[PDB]
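Chain by chain, the residues:
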Amino acid sequence: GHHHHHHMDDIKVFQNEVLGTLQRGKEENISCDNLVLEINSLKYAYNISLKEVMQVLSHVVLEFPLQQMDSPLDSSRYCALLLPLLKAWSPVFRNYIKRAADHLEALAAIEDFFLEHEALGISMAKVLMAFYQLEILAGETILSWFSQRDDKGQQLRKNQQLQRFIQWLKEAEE
């Protein structure tokens, strides 16, 4: 109906504007503070929730490198492009991602991205390490997420490099 329809339309335009902001941010090296002012204004302009800001920021940054590479999608090439972006914009992530529930919202967006880009799955352990080392995500929420109830998501959690990382991550934490 009209409510879900108009809202899905809003989120789409909003996400397009978050892309435009980050394209400009990457070209200009716009400060994290000014990026946050832009995303905040768009969140009100497009009437999106604060949780939808976090999910959309996560998708847009994770999708950003795809503009920069051909297909078949090659994962080491992906990681090499992604990591400078996470370093640059980690403060933008930390402006919104603050409480345990927020950390799980972002993890679930990261899950959805990997599940939608099966050929990048291999690099998922290295990407979670970057979110962890950059203090975007807490080790304890990463563990919580890994251990959750909800097909393809259960099949992702039998990724080898990931299990290895989940065990490593249990060492630095406890």
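Residues numbered from 1 in each chain as written, not as in the entry; some residues may be left out. Heavy atoms only, no water. Residues with missing side-chain atoms left out of burial classes, pairs and counts.

This entry lists X-ray crystallography as its structure determination method and reports a resolution of 2.000 Å.

So what exactly am I meant to see when it comes to the environment of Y46 here?
Positionally, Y46 belongs in the loop between α2 (32–45) and α3 (50–63). Under the relative-accessibility criterion, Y46 is labelled partly exposed at 25%. For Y46 and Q15, which are 31 residues apart along the polypeptide, the C-alpha to C-alpha distance reads 9.6 Å. When neighbours within four sequence positions are excluded, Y46 is seen to be in contact with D10, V13, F14 and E17. (Helix = DSSP H or I, 4+ residues; strand = E, 2+ residues; numbered from the N terminus. Buried < 20%, exposed > 50% of the residue type's maximum accessible area, 1.4 Å probe, protein only. Contact = heavy atoms within 4.5 Å.)

Would you explain the packing of aromatic side chains in this entry?
What characterises a pair of aromatic rings is the spacing of the ring centres plus the angle enclosed by the ring planes. Tallied over the full model, the rule gives 7 aromatic pairs. A ring pair is formed by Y132 and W168, whose centres lie 6.2 Å apart and whose planes are at 90 degrees; its orientation type is edge-to-face. On the accessibility criterion, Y132 (15% relative accessible area) is buried. A network of ring pairs unites the aromatic residues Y78, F113 and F114 as a single cluster. One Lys or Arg, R157, reaches over the ring of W145 and ends 4.7 Å from the middle of that ring. (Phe/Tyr/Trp six-rings, centres within 6.5 Å; stacked < 30°, edge-to-face > 60°. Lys NZ or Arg CZ within 6 Å of the ring centre and 35° of its normal.)

Would you mind going over the side chain of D102 with me for this structure?
Here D102 is to be found in helix α5 (residues 100–116). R99 is the oppositely charged side chain nearest to the buried, salt-bridge-free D102, at an N-O distance of 5.3 Å. A polar contact of 3.0 Å, which involves the side chain of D102, links it to the backbone nitrogen of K98. Here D102 is in contact with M54, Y96 and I97, once residues within four sequence places are set aside. (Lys, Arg positive; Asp, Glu negative; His and termini not counted. Salt bridge = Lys/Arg side-chain N within 4 Å of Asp/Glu carboxyl O. Polar contact = N/O pair within 3.5 Å; in protein donor to acceptor, adjacent residues only side chain to side chain.)

What exactly am I supposed to notice about α2 here?
Helix length check: α2 (14 residues) gives 20 Å between terminal C-alpha atoms against 20 Å at 1.5 Å per residue, within 8%. Taken together, the buried positions of α2 are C32, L35, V36, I39, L42 and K43. All buried residues of α2 project into a common sector of 130 degrees when viewed along the axis, lining one side. Away from the buried face of α2 by more than 90 degrees, exposed residues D33, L37, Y44 and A45 are located. Structurally, α2 contributes buried residues whose contacts are with α1 (2–28), α3 and α4 (75–96). Of the residues trailing α2, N47 is marked for its positive phi of about 50 degrees. (Expected span 1.5 Å × (residues − 1). Arc of directions from axis to C-beta.)

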